[PDB]
């Protein structure tokens, strides 16, 4: 059973920094695209930062250089270094992975439970 677990979320003040981690378990083959999404209450889920299938990195317009997405291929982990946190960054941050589930390279998209990030003065 493939499982994703986010950590590092919490309460921060404006201008604060946070580091979100996402651990995986039950990965038999490999993970291709990994990334970070978020949803504020009563808002639609949106991209934050992600590794595309191509190997490049794609950041959302609102990031404005503040956040960095990293990856550990050996551990099958994804990270989000957040800086210059704004009240607008308050959301449940979800981890995503396109996991290779076959020996022929077929994939399934998996999501974590989410971690709460609260930015308040």
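Residue numbers count along the first chain shown, from 1.
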Exercise for the section: Could you check the entry and say whether 39-47 or 76-84 has the higher mean CA B-factor? Expected result: 39-47
Practice task
Determine, for stretches 89-97 and 53-61, which one has the higher mean CA B-factor as deposited.
Solution key: 53-61
Completion exercise
Tertile call for residue 69 (CA temperature factor, within chain, third-based) is the lowest
Fill in the blank from the handout: Chain-relative C-alpha B factor for residue 34 (record values, thirds): the lowest
Fill in the blank from the handout: Chain-relative C-alpha B factor for residue 23 (record values, thirds): the middle
